[PDB]
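See below for the structure under consideration.
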Amino acid sequence: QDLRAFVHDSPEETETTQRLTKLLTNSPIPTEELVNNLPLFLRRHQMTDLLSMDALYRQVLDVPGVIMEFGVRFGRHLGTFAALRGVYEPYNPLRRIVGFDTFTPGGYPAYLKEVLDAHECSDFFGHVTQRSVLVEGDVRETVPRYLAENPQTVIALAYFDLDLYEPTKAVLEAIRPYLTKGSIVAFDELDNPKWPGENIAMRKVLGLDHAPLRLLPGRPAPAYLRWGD
Amino acid sequence: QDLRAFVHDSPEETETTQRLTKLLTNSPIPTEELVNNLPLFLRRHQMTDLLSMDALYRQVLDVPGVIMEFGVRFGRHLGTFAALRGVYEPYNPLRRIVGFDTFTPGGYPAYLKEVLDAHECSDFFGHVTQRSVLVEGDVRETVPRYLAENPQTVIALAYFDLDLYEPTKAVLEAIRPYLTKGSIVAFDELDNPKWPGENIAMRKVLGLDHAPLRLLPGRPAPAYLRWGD
Amino acid sequence: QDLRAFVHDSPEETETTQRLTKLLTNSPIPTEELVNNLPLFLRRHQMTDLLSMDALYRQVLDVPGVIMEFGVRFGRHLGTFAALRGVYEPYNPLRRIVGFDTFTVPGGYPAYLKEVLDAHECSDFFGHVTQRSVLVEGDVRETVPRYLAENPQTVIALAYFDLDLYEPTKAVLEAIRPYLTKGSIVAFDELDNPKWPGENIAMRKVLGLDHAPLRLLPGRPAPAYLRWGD
Amino acid sequence: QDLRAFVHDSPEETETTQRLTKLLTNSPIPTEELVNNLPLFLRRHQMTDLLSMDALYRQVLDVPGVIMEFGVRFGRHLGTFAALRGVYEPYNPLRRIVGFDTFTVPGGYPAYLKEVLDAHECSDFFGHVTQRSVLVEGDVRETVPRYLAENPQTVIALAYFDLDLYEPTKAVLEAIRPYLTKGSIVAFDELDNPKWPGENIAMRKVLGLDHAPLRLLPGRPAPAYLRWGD
Amino acid sequence: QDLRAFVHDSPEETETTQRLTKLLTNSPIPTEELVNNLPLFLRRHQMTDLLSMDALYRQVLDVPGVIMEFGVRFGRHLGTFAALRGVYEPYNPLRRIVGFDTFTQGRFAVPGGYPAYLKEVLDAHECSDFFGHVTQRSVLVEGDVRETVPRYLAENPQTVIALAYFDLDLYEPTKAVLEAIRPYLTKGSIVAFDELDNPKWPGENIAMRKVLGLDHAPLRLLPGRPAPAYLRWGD
Amino acid sequence: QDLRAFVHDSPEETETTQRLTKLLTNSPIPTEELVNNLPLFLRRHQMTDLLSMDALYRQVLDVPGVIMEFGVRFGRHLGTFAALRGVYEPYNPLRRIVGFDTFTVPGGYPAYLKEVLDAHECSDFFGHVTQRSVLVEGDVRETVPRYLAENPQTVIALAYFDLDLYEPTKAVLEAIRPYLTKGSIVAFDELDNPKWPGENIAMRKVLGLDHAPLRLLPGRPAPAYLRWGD
Amino acid sequence: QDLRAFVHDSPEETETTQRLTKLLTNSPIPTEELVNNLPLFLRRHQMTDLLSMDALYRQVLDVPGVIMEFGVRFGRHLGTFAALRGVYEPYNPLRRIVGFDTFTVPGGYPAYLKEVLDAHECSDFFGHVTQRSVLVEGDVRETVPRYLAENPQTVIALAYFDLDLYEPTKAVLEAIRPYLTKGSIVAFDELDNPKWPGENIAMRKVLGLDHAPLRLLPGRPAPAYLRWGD
């Protein structure tokens, strides 16, 4: 197997990343102004991800329910969604953001919860708790349990970043009764040769023509569908 | 004069900013992954600014010419534009980004140029130089000089953050022959009680009904117009 | 359980509400002019409810039939619908407004609410036609089927659910279904609210959440509403 | 039963109607010019009905077939359709207008109504083609199936139901179905009216209220109409 | 059989083709500049084919997956797709281009056969792609599609097919490939045919009617052009 | 001056160009089939120019008149226009293509280019009409006014500027203006290019950059084009 | 001068025309059915002209006034307009068709052409109103101003120019201008044709080519037409 046939960073993309890291860590900007200048260090590749999450969020502003991410890494998308919920939905305390991951750095979920709490403390409904929830464990156990604990659930946006067949299949099967027509289901690596399990699960549970799978033009991921279309 | 009648941060907005600063500077994320997770620390207020710059940029993707910012602070908008030019215009080496400021930390323009060079080194046209330019000095001298040196100039997007009457007036007068119908002219504080000089200049040079001034809904700034409309 | 995870008023929202109450009841406006100035006392949160009911009504102006609310509280929505019917439908005497509740509020509250609705109706263009507002007291599991049996002409243009609980919500969904047309609106006051999961459980039991497209009016957590047949 | 809960004329609507009757029948307008000034005497309520029939007709200008009215009263809609066919379709001799009624009106009323329709048709571009207006006298349960058997070329573009009762509405809905296309309009004069529930009972029996989207013309309680196949 | 009832070149079309060939190979343009002036030699008929492929590509820019061509001739469409992928998708390394064919100077046989030359062509486009460091973004598969297409899909379970272009002529291969690709299409994928309604090659139509039916989805032309005939899956 | 601030080819773009040149000229494709496979050798950068010329042409299909190019290099755009005219306009013998250049390329290059254009034209539906392609050799400051004086029927649908310099660009803009209609396209190959500022200086002198809306095809630095009168 | 640079028929177009002439004049179709089968003999080129006139007429169906043709040849367009007026406007007796020509055609040709137009009009819905088709014989420089003086009610909805020459085109453009409204169509048969530059010279003299947007119907070299006021 030729590893070069998998997506990987060019030398220039690596150079850009390393330079921006160094300029962030050794910045003459006053430390208390760094979080007012983060776009200085946000290169094309990561800007694109932010714009894509914005695009998905904007498609469910007229859909009830919660946002769920299955596979969260360090929380990039969860921070994005917390900020965007401020931009678009000051008066919606029911738009819960739920992140599922095994999380295996230690004690990282506690840090990430501190980050999400910091966004939430200036929300208009910051007095309502449990608007951001991190669920630690294997999704084959935690997603059914979360849903059993939350029979009020409607899912407006479901973001899949699980990579593997068995967990992707189990979660697709579990979330289906909580979707409405217009709910968005999005995949981080549906058609990526490195991680074929997501496609295999999609074909097993639903079929690739169950609904129209779409790209945001110019961007290889995410692939996303509108339920019922 | 009651200073509370000017826009200022709420205690919660300050708390969010301070918390996110601390979580950025004391982060368990591996240092070389911070620039892959900047949305964790990008609160609503600053996300909104990014989305607004994206919106303005998207309105000039079918307009020739350069992007100019008059008054640049630490360069937040210049970094944003450098990344967005990657997202939208890999094959446009003529979309120069020009920032004008007195810049008065010392040697800061050199740092900011290092930042912009770091984005540019993975651009498709990264071999073409002078696609990002910082012009140091008073805009009443530097903007006419830049234009005299660049008679090829068309201005697609002009962003005003000068605050004061005399420099805003001088730059509006200087850039006018380089605009086309469809060029965007945007103001950071047109209708803000703290900085009335921008409005006074706009009314002197053009008139507030010269073209339709618009907001992005929900956002008090920028105010922007499409030339010729 | 943490009660802070349920929606509740901020201290600032409570303060606004208490202040506006005091200014309404201690007003230098002449008594006979208060009802010409009620927006002085209509705060954001309640203004939003009004605009939402107007948006739902405007979606059924080309749909025949009646408006039903299942769970009416003090009658806020029924008064809204009575005024909007005047705004949009002076010539439609068949747009009946039917409110169902146990009314368990002061005793004799239904008679007061009926007097309020009659006061709107006496200046309607069709104010001489009776029974254009109906309050039905009792358990919706009996009263909604009984109302429909008594009214076989029924078509339902707008059905608004504020019943909270599984059994009543399930029984009413099942009963109203033969009286909906494609384009009828079915709306829910607390479909996705952790405090009252029975509404969702009943919707998933009877129809399923993807039976039709559930929507929000952007920026507002409720109502959630669907257009039948879409 | 409270008869004021059925739609009925206000005193003012009665006054307008009686005054306009007097002014029509005692007019200083020369006799031969009265039929050039009928809008003087066409009040809101009746103008609304005319505008509604025009709206329904305009929706079937690109649909083949005939117009049928089941229950015709004195013929108001048939005259309306005869004139509108002149406005919109001078070159379409296949747009037959067929009215079905028992005519149980003065005696010999159908012959009068036929004289009226012939008077419109004698200035039609295709006035030399006969049987473009047909009055079919009898119980629709017998006459509509017989008409369709005699006319196997039939396509129905617009079907207007004003039969009031369950058994005839059901029988005619069942008989006309094979002659509709997608886009044909089916319209009801009293689908949701408390006075005449049989029309609704029949619609629910034969098709279901959500078989197709039932619509109003906004602001008007009737007709309720659907586009076949939507 | 009257062979004039099959589509063939007019004398004037032949004349144009022969003249432009002469002017291409005997040109005062410096040889190193010819690839900057190819439109001088690209006549209407061939320009039309290029515009048609651009129209099909533009319809799948918001559809995930790969581009496949079944029956590739000298590779005209594969080169077009490689250039167009540059135009529209610099940042999409997952848009693989896969050409299937049996592949069965001027006088010396090419070592490795025509596929070795055509791979050289596609490599030449890819070395200036923004994602030119990711390999296997263009793939040629030699052999009988009845075997090679199922094998390729078995080997590539991540596949989604955004654009499937059929130029196989015959019933049995067209039927087999239609059957194999179906689980990999989404609603909005484009399936296109080079000779669906062509008297010379009825097997393509026979296979379409057998597997799907001509009214499975709406078959369309680009107006004014007899081919391709194409459908949007699920419409 | 830093020559790196002017647009120039990356090493990878040079490599692609050289490789495709070698594969074109050492091809196992039969000689008489090369012109059926030129897209094998048409790289991104040149494909983009073709799609841009097609987009401009498609915007003048409902505009009368001719196509003019001022500065033609080896004739790339003229060949493109000749093929596109076949694609879109088999029945329009009045869509003349006029190329103006000094032709200072090998000597006798205009005769070769004319032979190329004639080869396209001999299979056009109107190939029997002559002078549908015209090459005008000389200084545009004399030749464009002379062409227009000789051709008072002229309407200009598309004017494409690739003259680089101030004086020729200014003279041609001034000359063509009476032959444009609202909707004519005026396009520039290097309006905002630091290497050739005279084009911009001339546009600002004659018309001004806001005389009409200058546009890009998104993602492409050139051409910049305006629709006259907008 | 190279006469092959003017538009002219190909050998194949001549062959089609001559063959269809023979088949029209030696047809086994019964004589009285020939005028029911004329499309058998209506080739592409002439069909295109008919479709163009239909397109221009359809653009003025919501514009008051008359149709004028300046230069009428044997009357092809006048017959086309007479038929299209039947298709689209049975109830508009004010849509006069006026043809201006010197008729310098066989002798007495205008009387023949009038018989043809009367033959269309005798089956028009308003066939009893005379002077709905008018042929005005003479030099347009005299006849058009005289016609307008005799007809101060004139509004011009569509003006079709086929005069070829500068002086008559200029004079008629100047005379008709006060009778156009915004939306009136002005159309030219040879505005950009090298054979007849005088039409363009006149347009540039009186109005300028950018006075309004000149358009083609795509794929057709003529007519070129503008919507007044755009």
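Labels used: A, B, ... for chains in the order of the structure tokens, numbers from 1 for residues in each chain, and numbers from 1 for ligands as shown.
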
Item to check | Residues of range 135-210 of chain G in alpha helix (DSSP H), written as JSON, numbers by chain | outcome: {"G": [140, 141, 142, 143, 144, 145, 146, 147, 148, 149, 150, 166, 167, 168, 169, 170, 171, 172, 173, 174, 175, 176, 198, 199, 200, 201, 202, 203, 204, 205, 206]}

At a cut-off of 8 Å, can you tabulate as a tab-separated table every residue of chain A near chain B together with its closest atom pair and the distance in Å to one decimal, using only C-alpha atoms and ordering rows by chain then number?
residue	atom	partner	partner_atom	distance
A:12	CA	B:122	CA	4.8
A:13	CA	B:122	CA	5.6
A:15	CA	B:121	CA	7.7
A:16	CA	B:118	CA	5.2
A:17	CA	B:35	CA	7.2
A:18	CA	B:32	CA	7.4
A:19	CA	B:118	CA	6.0
A:20	CA	B:118	CA	6.5
A:21	CA	B:35	CA	6.2
A:23	CA	B:115	CA	6.9
A:28	CA	B:108	CA	7.4
A:29	CA	B:74	CA	7.4
A:31	CA	B:21	CA	7.6
A:32	CA	B:21	CA	6.4
A:34	CA	B:21	CA	7.4
A:35	CA	B:21	CA	6.2
A:36	CA	B:46	CA	6.5
A:37	CA	B:76	CA	5.0
A:38	CA	B:38	CA	6.7
A:39	CA	B:80	CA	5.3
A:40	CA	B:79	CA	4.3
A:41	CA	B:35	CA	6.4
A:42	CA	B:35	CA	6.5
A:43	CA	B:83	CA	5.4
A:44	CA	B:83	CA	4.5
A:45	CA	B:87	CA	7.8
A:46	CA	B:36	CA	6.5
A:47	CA	B:83	CA	6.7
A:48	CA	B:87	CA	6.5
A:50	CA	B:39	CA	7.8
A:74	CA	B:37	CA	7.2
A:75	CA	B:40	CA	7.0
A:76	CA	B:37	CA	5.0
A:77	CA	B:39	CA	7.5
A:78	CA	B:40	CA	7.5
A:79	CA	B:40	CA	4.3
A:80	CA	B:39	CA	5.3
A:83	CA	B:44	CA	4.5
A:84	CA	B:44	CA	6.5
A:86	CA	B:44	CA	5.5
A:87	CA	B:44	CA	5.8
A:105	CA	B:28	CA	7.7
A:108	CA	B:28	CA	7.4
A:111	CA	B:28	CA	7.9
A:115	CA	B:20	CA	6.8
A:116	CA	B:40	CA	7.9
A:118	CA	B:16	CA	5.2
A:119	CA	B:16	CA	5.9
A:121	CA	B:12	CA	6.4
A:122	CA	B:12	CA	4.8

Residues just named, written with N, CA and C atoms as a CSV table (one decimal), in the first residue's frame:
chain,number,residue,atom,x,y,z
A,12,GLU,N,4.5,22.6,2.0
A,12,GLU,CA,4.2,24.0,2.2
A,12,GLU,C,3.1,24.1,3.3
A,13,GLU,N,2.1,23.2,3.3
A,13,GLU,CA,1.1,23.2,4.3
A,13,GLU,C,1.7,23.0,5.7
A,15,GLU,N,4.8,23.7,6.5
A,15,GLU,CA,5.6,24.9,6.7
A,15,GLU,C,4.7,26.0,7.3
A,16,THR,N,3.6,26.3,6.6
A,16,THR,CA,2.6,27.3,7.1
A,16,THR,C,2.2,27.0,8.5
A,17,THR,N,1.8,25.7,8.8
A,17,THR,CA,1.4,25.4,10.2
A,17,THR,C,2.5,25.6,11.2
A,18,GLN,N,3.7,25.2,10.9
A,18,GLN,CA,4.8,25.4,11.9
A,18,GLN,C,5.1,26.9,12.1
A,19,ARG,N,5.1,27.7,11.0
A,19,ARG,CA,5.4,29.1,11.1
A,19,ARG,C,4.4,29.8,12.0
A,20,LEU,N,3.1,29.5,11.7
A,20,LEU,CA,2.0,30.2,12.5
A,20,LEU,C,2.0,29.7,14.0
A,21,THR,N,2.4,28.5,14.2
A,21,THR,CA,2.6,28.1,15.6
A,21,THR,C,3.6,28.9,16.3
A,23,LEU,N,4.7,31.9,15.5
A,23,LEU,CA,4.4,33.3,15.6
A,23,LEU,C,3.3,33.5,16.7
A,28,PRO,N,4.4,39.4,19.7
A,28,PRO,CA,4.5,40.7,20.5
A,28,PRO,C,3.1,41.2,20.8
A,29,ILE,N,2.1,40.6,20.4
A,29,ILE,CA,0.7,41.1,20.7
A,29,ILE,C,0.6,40.9,22.2
A,31,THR,N,-0.7,39.7,25.7
A,31,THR,CA,-1.3,38.4,25.8
A,31,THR,C,-2.8,38.4,25.9
A,32,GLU,N,-3.3,39.5,26.6
A,32,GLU,CA,-4.8,39.6,26.7
A,32,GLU,C,-5.5,40.0,25.5
A,34,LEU,N,-4.6,38.4,22.4
A,34,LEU,CA,-4.5,37.2,21.5
A,34,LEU,C,-5.8,36.7,21.1
A,35,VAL,N,-6.8,36.5,22.0
A,35,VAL,CA,-8.1,36.0,21.7
A,35,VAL,C,-8.9,37.0,20.9
A,36,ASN,N,-8.4,38.2,20.6
A,36,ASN,CA,-9.0,39.2,19.7
A,36,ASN,C,-8.4,39.2,18.4
A,37,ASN,N,-7.4,38.3,18.1
A,37,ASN,CA,-6.6,38.3,16.9
A,37,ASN,C,-6.4,36.9,16.4
A,38,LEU,N,-7.2,35.9,16.8
A,38,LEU,CA,-6.9,34.6,16.4
A,38,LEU,C,-6.9,34.4,14.9
A,39,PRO,N,-7.6,35.2,14.1
A,39,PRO,CA,-7.5,35.0,12.6
A,39,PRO,C,-6.1,35.2,12.0
A,40,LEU,N,-5.2,35.8,12.7
A,40,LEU,CA,-3.9,35.9,12.3
A,40,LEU,C,-3.3,34.5,12.1
A,41,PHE,N,-3.7,33.5,12.9
A,41,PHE,CA,-3.0,32.2,12.9
A,41,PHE,C,-3.9,31.1,12.3
A,42,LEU,N,-5.0,31.5,11.7
A,42,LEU,CA,-6.0,30.6,11.2
A,42,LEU,C,-5.8,30.4,9.7
A,43,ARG,N,-5.1,29.4,9.3
A,43,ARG,CA,-4.8,29.3,7.9
A,43,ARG,C,-6.0,28.8,7.1
A,44,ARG,N,-5.9,28.9,5.7
A,44,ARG,CA,-6.9,28.4,4.8
A,44,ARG,C,-7.6,27.1,5.2
A,45,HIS,N,-6.8,26.1,5.4
A,45,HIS,CA,-7.4,24.8,5.7
A,45,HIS,C,-8.3,24.8,6.9
A,46,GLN,N,-7.9,25.5,8.0
A,46,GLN,CA,-8.8,25.5,9.2
A,46,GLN,C,-9.9,26.6,9.0
A,47,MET,N,-9.7,27.7,8.3
A,47,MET,CA,-10.7,28.6,8.0
A,47,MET,C,-11.9,27.9,7.2
A,48,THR,N,-11.5,27.0,6.3
A,48,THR,CA,-12.5,26.3,5.5
A,48,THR,C,-13.4,25.4,6.4
A,50,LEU,N,-14.1,26.0,9.5
A,50,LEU,CA,-15.0,26.9,10.2
A,50,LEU,C,-16.2,27.3,9.3
A,74,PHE,N,-10.1,17.3,19.8
A,74,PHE,CA,-9.9,18.2,20.9
A,74,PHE,C,-11.0,19.1,21.1
A,75,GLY,N,-12.1,19.0,20.3
A,75,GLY,CA,-13.3,19.9,20.5
A,75,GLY,C,-13.4,21.0,19.5
A,76,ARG,N,-12.6,21.1,18.4
A,76,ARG,CA,-12.7,22.2,17.4
A,76,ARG,C,-14.1,22.5,17.1
A,77,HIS,N,-14.9,21.5,16.7
A,77,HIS,CA,-16.3,21.8,16.2
A,77,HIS,C,-17.2,22.2,17.3
A,78,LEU,N,-17.0,21.7,18.5
A,78,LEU,CA,-17.8,22.1,19.7
A,78,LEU,C,-17.6,23.6,20.0
A,79,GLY,N,-16.4,24.0,20.1
A,79,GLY,CA,-16.1,25.5,20.2
A,79,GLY,C,-16.8,26.3,19.1
A,80,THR,N,-16.6,25.9,17.9
A,80,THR,CA,-17.2,26.6,16.8
A,80,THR,C,-18.7,26.7,17.0
A,83,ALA,N,-19.9,29.2,19.7
A,83,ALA,CA,-19.8,30.6,19.3
A,83,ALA,C,-20.9,30.9,18.3
A,84,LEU,N,-21.1,30.0,17.3
A,84,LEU,CA,-22.2,30.2,16.3
A,84,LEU,C,-23.6,30.3,17.0
A,86,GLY,N,-24.2,31.5,19.8
A,86,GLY,CA,-24.3,32.9,20.2
A,86,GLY,C,-24.6,33.8,19.1
A,87,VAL,N,-24.0,33.7,17.9
A,87,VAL,CA,-24.2,34.5,16.8
A,87,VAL,C,-25.7,34.5,16.4
A,105,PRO,N,-5.2,12.6,26.0
A,105,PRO,CA,-4.8,13.2,27.3
A,105,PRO,C,-5.8,13.0,28.4
A,108,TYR,N,-8.9,15.6,30.0
A,108,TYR,CA,-9.2,16.5,28.9
A,108,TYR,C,-10.6,16.9,28.9
A,111,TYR,N,-11.2,20.0,30.9
A,111,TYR,CA,-10.7,21.2,30.3
A,111,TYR,C,-11.6,21.7,29.2
A,115,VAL,N,-13.7,25.2,28.7
A,115,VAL,CA,-13.8,26.0,27.5
A,115,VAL,C,-15.2,26.3,27.2
A,116,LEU,N,-16.0,25.3,27.1
A,116,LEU,CA,-17.4,25.6,26.7
A,116,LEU,C,-18.2,26.4,27.7
A,118,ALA,N,-16.8,28.7,29.4
A,118,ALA,CA,-16.4,30.1,29.3
A,118,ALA,C,-17.2,30.8,28.2
A,119,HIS,N,-17.4,30.2,27.0
A,119,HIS,CA,-18.4,30.7,26.1
A,119,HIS,C,-19.7,31.0,26.7
A,121,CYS,N,-20.8,31.6,29.6
A,121,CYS,CA,-21.1,32.5,30.7
A,121,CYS,C,-21.6,33.9,30.2
A,122,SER,N,-21.4,34.2,28.9
A,122,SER,CA,-21.9,35.5,28.4
A,122,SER,C,-23.0,35.2,27.4

Next on the checklist: If DSSP is run on the backbone, what residues of range 30-190 of chain F are strand (DSSP E)? A reply as a PyMOL selection string would be ideal.
Outcome noted: chain F and resi 66-70+97-101+133-137+156-161+180-188

Next on the checklist: Using only C-alpha atoms and a distance of at most 10 Å, pull out the residues of chain D that contact chain G, as a VMD selection string.
Outcome noted: chain D and resid 87 90 to 91 123 to 125

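For the choices A:143, A:179, A:55, A:63, the atom-to-atom distance to residue 224 in chain C is smallest for A:63 when using only C-alpha atoms.
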
Residue contacts of residue 211 in chain B (8 Å, only C-alpha atoms) excluding same-chain residues fewer than 4 positions away, as a PDB file with C-alpha atoms, in the first residue's frame:
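Output contents, as saved in around.pdb:
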ATOM      1  CA  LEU B 225     -22.231  50.256   0.397  1.00  0.00           C
ATOM      2  CA  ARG B 226     -21.911  48.911  -3.155  1.00  0.00           C
ATOM      3  CA  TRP B 227     -20.518  51.651  -5.379  1.00  0.00           C
ATOM      4  CA  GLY B 228     -22.986  52.787  -8.059  1.00  0.00           C
ATOM      5  CA  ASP B 229     -26.112  51.356  -6.416  1.00  0.00           C
TER       6      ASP B 229
END

Next on the checklist: Show me, as a list in words, the residues of chain A whose atoms get within 6 Å of chain E, using only C-alpha atoms for the distance check.
Outcome noted: residues 4, 5, 191, 192, 193, 196, 199, 208, 209, 212, 214, 215, 216, 217, 218, 219 and 220 of chain A

Checklist entry - Contacts of residue 109 in chain G at 10 Å or less, counting only C-alpha atoms, minus same-chain residues fewer than 5 places along, as a PyMOL selection string? => result chain G and resi 74-75+103-104+114-115

Could the residues in this selection be written to a file with N, CA, C and O atoms, as a PDB file, in the first residue's frame?
ATOM      1  N   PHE G  74     -43.522  41.732 -50.890  1.00  0.00           N
ATOM      2  CA  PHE G  74     -44.794  41.205 -51.374  1.00  0.00           C
ATOM      3  C   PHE G  74     -45.845  41.123 -50.287  1.00  0.00           C
ATOM      4  O   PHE G  74     -46.989  40.777 -50.592  1.00  0.00           O
ATOM      5  N   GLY G  75     -45.488  41.425 -49.033  1.00  0.00           N
ATOM      6  CA  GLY G  75     -46.433  41.450 -47.941  1.00  0.00           C
ATOM      7  C   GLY G  75     -46.315  40.305 -46.948  1.00  0.00           C
ATOM      8  O   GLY G  75     -47.215  40.150 -46.114  1.00  0.00           O
ATOM      9  N   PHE G 103     -44.296  50.380 -53.601  1.00  0.00           N
ATOM     10  CA  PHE G 103     -44.794  49.321 -54.471  1.00  0.00           C
ATOM     11  C   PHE G 103     -44.272  49.481 -55.907  1.00  0.00           C
ATOM     12  O   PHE G 103     -45.018  49.378 -56.881  1.00  0.00           O
ATOM     13  N   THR G 104     -42.968  49.710 -56.037  1.00  0.00           N
ATOM     14  CA  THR G 104     -42.350  49.879 -57.359  1.00  0.00           C
ATOM     15  C   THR G 104     -41.430  48.721 -57.736  1.00  0.00           C
ATOM     16  O   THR G 104     -41.669  47.569 -57.368  1.00  0.00           O
ATOM     17  N   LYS G 114     -54.355  43.916 -50.662  1.00  0.00           N
ATOM     18  CA  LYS G 114     -55.525  44.269 -49.858  1.00  0.00           C
ATOM     19  C   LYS G 114     -56.576  43.163 -49.898  1.00  0.00           C
ATOM     20  O   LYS G 114     -57.191  42.843 -48.871  1.00  0.00           O
ATOM     21  N   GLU G 115     -56.790  42.547 -51.067  1.00  0.00           N
ATOM     22  CA  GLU G 115     -57.698  41.408 -51.121  1.00  0.00           C
ATOM     23  C   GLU G 115     -57.244  40.295 -50.185  1.00  0.00           C
ATOM     24  O   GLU G 115     -58.071  39.661 -49.529  1.00  0.00           O
TER      25      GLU G 115
END

Would you give me, as a tab-separated table, each residue of chain F having an atom within 6 Å of an atom of chain E, along with its shortest atom pair and that distance in Å to one decimal, using only C-alpha atoms and sorting by chain and residue number?
residue	atom	partner	partner_atom	distance
F:12	CA	E:128	CA	4.9
F:13	CA	E:128	CA	5.6
F:16	CA	E:124	CA	5.2
F:19	CA	E:124	CA	6.0
F:28	CA	E:105	CA	5.5
F:37	CA	E:76	CA	5.1
F:39	CA	E:80	CA	5.4
F:40	CA	E:79	CA	4.4
F:43	CA	E:83	CA	5.3
F:44	CA	E:83	CA	4.5
F:76	CA	E:37	CA	5.1
F:79	CA	E:40	CA	4.3
F:80	CA	E:39	CA	5.3
F:83	CA	E:44	CA	4.5
F:86	CA	E:44	CA	5.6
F:87	CA	E:44	CA	5.8
F:119	CA	E:16	CA	5.1
F:120	CA	E:16	CA	6.0
F:123	CA	E:12	CA	4.8

As an mmCIF file with N, CA and C atoms, in the first residue's frame, please: the residues near residue 140 in chain B (cut-off 8 Å, only C-alpha atoms, same-chain neighbours under 2 positions excluded).
data_model
loop_
_atom_site.group_PDB
_atom_site.id
_atom_site.type_symbol
_atom_site.label_atom_id
_atom_site.label_comp_id
_atom_site.auth_asym_id
_atom_site.auth_seq_id
_atom_site.Cartn_x
_atom_site.Cartn_y
_atom_site.Cartn_z
ATOM 1 N N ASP B 138 1.300 58.046 7.719
ATOM 2 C CA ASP B 138 0.005 58.703 7.747
ATOM 3 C C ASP B 138 -0.672 58.546 6.391
ATOM 4 N N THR B 142 0.547 58.383 2.530
ATOM 5 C CA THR B 142 0.870 57.079 1.964
ATOM 6 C C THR B 142 -0.146 56.593 0.927
ATOM 7 N N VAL B 143 -1.430 56.938 1.051
ATOM 8 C CA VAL B 143 -2.445 56.392 0.137
ATOM 9 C C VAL B 143 -2.269 57.073 -1.223
ATOM 10 N N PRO B 144 -2.163 58.402 -1.309
ATOM 11 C CA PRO B 144 -1.864 58.978 -2.629
ATOM 12 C C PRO B 144 -0.563 58.455 -3.218
ATOM 13 N N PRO B 167 -8.446 62.209 8.050
ATOM 14 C CA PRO B 167 -7.935 61.066 7.281
ATOM 15 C C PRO B 167 -9.016 60.311 6.523
ATOM 16 N N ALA B 170 -9.717 62.375 3.397
ATOM 17 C CA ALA B 170 -8.644 62.368 2.409
ATOM 18 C C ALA B 170 -8.594 61.044 1.659
ATOM 19 N N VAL B 171 -8.831 59.939 2.363
ATOM 20 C CA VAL B 171 -8.723 58.650 1.708
ATOM 21 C C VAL B 171 -9.932 58.412 0.802
#

Checklist entry - With only C-alpha atoms as the basis for distance, which of B:69, B:101, B:198, B:149 is at the shortest distance from chain F? => result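 Looking at the shortest contact to chain F, the residue is B:149.
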
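Between CA of residue 173 in chain A and CA of residue 67 in chain A lies a distance of 16.9 Å.
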